[PDB]
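Understanding the architecture of this molecule
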2 protein chains.
Amino acid sequence: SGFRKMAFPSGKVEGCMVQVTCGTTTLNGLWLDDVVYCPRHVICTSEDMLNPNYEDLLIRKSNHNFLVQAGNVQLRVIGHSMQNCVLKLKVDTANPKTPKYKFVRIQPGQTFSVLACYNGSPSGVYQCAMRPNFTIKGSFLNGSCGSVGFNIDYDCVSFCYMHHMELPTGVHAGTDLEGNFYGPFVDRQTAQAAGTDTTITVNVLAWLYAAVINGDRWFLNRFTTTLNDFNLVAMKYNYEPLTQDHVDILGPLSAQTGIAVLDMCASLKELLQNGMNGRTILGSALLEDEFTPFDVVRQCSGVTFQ
Amino acid sequence: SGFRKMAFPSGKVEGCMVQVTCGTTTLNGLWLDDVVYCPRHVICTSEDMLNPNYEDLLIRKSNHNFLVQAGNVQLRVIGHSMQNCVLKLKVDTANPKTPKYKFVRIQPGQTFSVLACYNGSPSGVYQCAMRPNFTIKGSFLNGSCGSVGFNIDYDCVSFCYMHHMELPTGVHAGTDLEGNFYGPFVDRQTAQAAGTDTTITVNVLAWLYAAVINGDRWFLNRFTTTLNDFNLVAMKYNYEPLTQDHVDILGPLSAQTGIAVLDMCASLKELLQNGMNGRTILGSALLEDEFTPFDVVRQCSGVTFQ
Ligand SMILES: O=C(c1cc(=O)[nH]c(=O)[nH]1)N1CCN(c2cc(Cl)c(Cl)c(Cl)c2)CC1
Ligand SMILES: O=C(c1cc(=O)[nH]c(=O)[nH]1)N1CCN(c2cc(Cl)c(Cl)c(Cl)c2)CC1
């Protein structure tokens, strides 16, 4: 038992991290087979930051403008191209530690692990969720660009995020690995702001199920509600509305605890109206929304990976 | 910026995890050079659980009673011995992925990363603290025994914890890698309970410094206190007392924020007496005590590892 903010083991990703330098700018790249992927803003200088023309900046570069280092070994850049907001650097050597991988775009509310890196060197791993406003609440310092987010599905690493920038509110924005931004953000140093965030309701419910599994039961009651009555209260508190699809997703947790989803929704409705009254749930005094139903099952039932 | 519960990258440890079977019992082992380390209770059956005589149980075994698998490859056990509460299995092949390592015993209040494993397969990584009562609040299911805790110091993995059991309150207990238990626990299925826990004060202060660095300032004030006046209030709230050594440890964070430790202590004293009043600090509504001063510096300044 117990319940922690748990990330995926990062070994398979650590072997893909490289350092990319172009000019006076160094950041992180992702080396899979013979391609290194990195944010295209590595080719900007201080003059182009505010309004870069990336096609112009890239035409003015040659392969030898790009220094790629995998620890000590130097990788020779033999070609380069741009795919949306990522740069693809073709190198002379295929990464022998390339795992089975795919590129996937995730949806708001889903979680992934972040391998924070500096100078091509992995520094830490942590778990976060894609927020409904398409930002993540990450932990990143100067030099972290090109760090990646990923899930592990059996033996296969699913890359879903590459880090590009920090917004003024301290939250983070980036792209999928095909270079398409999450959210309405652009890779230029203008003043952009995230839209208003909401709480991920299906995730709060999954976490309450995790609490019941771990012996936290004080918030339960024998009332039941309907989808439409619950969604009416949720809207007032800036909670995402609950769909029948969400109810089905919560099936395994309802089955294992014998508490129906709409029963659990009645508990959540009370918590939103009366608060917690100085009581905690799984060691938190706030309702937690960064665990998916799958995260809970994985941690309260125990799937491994190859 | 930002602040997350961040673990060390686990790659260097993942390559050391093996599966150990003896009889109908399978659990995890740690393979370094030509020795596999695992909890000695792998040699118990249901009859010996309540009061095992480990010297008797071990004499009745031969090398071929122990099945060790590193994924698919079978490792041949050519010798075995007991060191306190761990079993040391000598095998025919030295682990080619052995990192630079050492065995260290940590103190209450220090943090480490846990690589939770099942059947020799790494499942997740998370960060926790050794509590003052020598337990950890882990996340572990059936089959997790032999999972290890570790820190990374530059290029060197410092192993500090091997998982042995879950106590009745849902918290976890284990040994250092020389087999000596943390706390007054024994590897037998008697009813043992952890003593009362306290809050790790120096860690709460470090976290308040992390908050200031990330722009959370609402709890500050211009009062100052003394060590002895603060410790008087802390005792009443089940907080560990604060030593001059703790003050010195917090030096770098005082320097970077320009707020003296005893100034910060005056803020903490107010938070303990008036509560949080529905305000949060770094996204928490409770005071967090599982980040050391070193964790904060590492995350709010940015050390990598080789
Ligand atoms: O390393 C960080 C960083 C990341 C983070 O998450 N937090 C943080 O404090 N610093 N940089 C800030 C973003 N920088 C940048 C540069 C250009 Cl030229 C463009 Cl065009 C754009 Cl969009 C962004 C690169 C450097
Ligand atoms: O896998 C887990 C486990 C770990 C955990 O953290 N949580 C959890 O639910 N289960 N086991 C419980 C402890 N078991 C055991 C067996 C013997 Cl024979 C002795 Cl003597 C002792 Cl001390 C302990 C081994 C199996």
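Rules behind the numbers
Residues numbered from 1 in each chain as written, not as in the entry; some residues may be left out. Chains lettered and ligands numbered in written order. Heavy atoms only, no water. Buried < 20%, exposed > 50% of the residue type's maximum accessible area, 1.4 Å probe, protein only. Helix = DSSP H or I, 4+ residues; strand = E, 2+ residues; numbered from the N terminus. Pairing = 2+ DSSP bridges. Near = heavy atom within 4 Å. Polar contact = N/O pair within 3.5 Å; in protein donor to acceptor, adjacent residues only side chain to side chain. Nonpolar A, V, L, I, M, F, W, Y, C, P; charged D, E, K, R; others polar. Contact = heavy atoms within 4.5 Å. Buried area = accessible area lost by both parts, 1.4 Å probe. Salt bridge = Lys/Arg side-chain N within 4 Å of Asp/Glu carboxyl O. Axes fitted to C-alpha atoms, helices over the stretch in contact; angles between N-to-C directions. Arc of directions from axis to C-beta. Least-squares fit on C-alpha atoms. Parallel < 35°, antiparallel > 145°, perpendicular 65-115°, else oblique.

Quick look at the pairing of strand β2 (residues 25–32) of chain B
Residues and elements named next belong to chain B. Most of β2 sits inside the fold, with six of its eight residues counted as buried. Sheet analysis places strand β1 (residues 17–22) next to β2, joined by six bridges and oriented antiparallel. By the bridge assignment, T21 is partnered in β2 with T26. Here β1 folds back onto β2 in antiparallel fashion, the turn holding two residues, of which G23 has a positive phi close to 80°. Bridge count between β2 and strand β3 (residues 35–39): three bridges; the pairing is antiparallel. Bridge pairing links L30 to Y37 in β3.

A closer look at the site of ligand 1
Residue and element names in this part refer to chain A. Looking at ligand 1, there are 18 residues lining it, with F140, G143, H163, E166 and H172 nearest. Contact between ligand 1 and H163: an oxygen atom at 2.6 Å from a side-chain N or O atom of the residue. Looking at which element gives the most residues to the shell around ligand 1, the answer is strand β12 (residues 156–166), with four residues. Residue classes in the shell around ligand 1 are distributed as seven nonpolar, eight polar and three charged.

A short note on the interface of chain B and chain A
Contacts between the two partners involve 46 residues from chain B and, on the opposite side, 46 residues from chain A. Across the chain B to chain A interface the summed buried area is about 3200 Å²; carbon plus sulfur atoms make up 50%. Between A:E290 and B:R4 there is a salt bridge, and its shortest N-O distance comes to 2.8 Å. Linking chain B with chain A are 23 residue pairs in polar contact. Counting only elements with at least two residues in the side of chain B that touches chain A, the list comes to α1 (11–14), β9 (111–118), β10 (121–129) and α8 (293–299) of chain B. Per-element accounting of the side of chain B that touches chain A gives the leading share, eight residues, to β10(B). Residue composition of the side of chain B that touches chain A, grouped by class: 18 nonpolar, 20 polar and eight charged.

Quick word on the sheet that holds strand β4 (residues 66–70) of chain B
All names here are of chain B. Pairing in this open sheet of seven strands is antiparallel, and the strands run β5-β4-β1-β2-β3-β7-β6 from one edge to the other. The two strands at the open ends of the sheet, each matched to only one other strand, are β5 (73–75) and β6 (77–83). Averaged over all neighbouring strand pairs, the angle between strand axes comes to 30°, with direction disregarded. Judged from the four bridges that link them, β1 and β4 form a sheet pairing that is antiparallel. By the bridge assignment, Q19 is partnered in β4 with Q69.

What about helix α4 (residues 227–236) of chain B?
Residues and elements named next belong to chain B. Those residues of α4 that fall on the buried side of the exposure criterion are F230, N231, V233 and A234. Along the long axis of α4, the arc covered by the buried residues comes to 165°, so they all point the same way. Away from the buried face of α4 by more than 90 degrees, exposed residues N228, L232 and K236 are located.

Some points on the relation of the copies chain B and chain A
Note that the two copies of the chain are related through a rotation about an axis and a translation along the same axis. Here chain B sits on chain A after a turn of 180° about the axis and a move of 0.0 Å along it, with an RMSD of 0.0 Å. Here the transformation between the copies is reduced to the relation of a two-fold axis. Proximity to the rotation axis, assessed at the C-alpha, singles out B:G11 in chain B; its C-alpha lies 1.8 Å from the axis. Comparing interface residues between copies, 100% of those in chain B also sit at the interface in chain A, which points to an isologous, same-surface contact.

Some thoughts on the packing of helix α3 (residues 201–213) of chain B against helix α7 (residues 261–274) of chain B
All names here are of chain B. The interhelical angle for the contact between α3 and α7, taken along N-to-C directions, is 100°, at an axis separation of 10 Å. In terms of their interaxial angle, α3 and α7 are classed as roughly perpendicular. Mapping the contact onto sequence places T201, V204, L205, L208, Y209 and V212 in α3 and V261, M264, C265, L268 and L271 in α7. Looking at the contact of α3 with α7, its residues break down into ten nonpolar, one polar and no charged.

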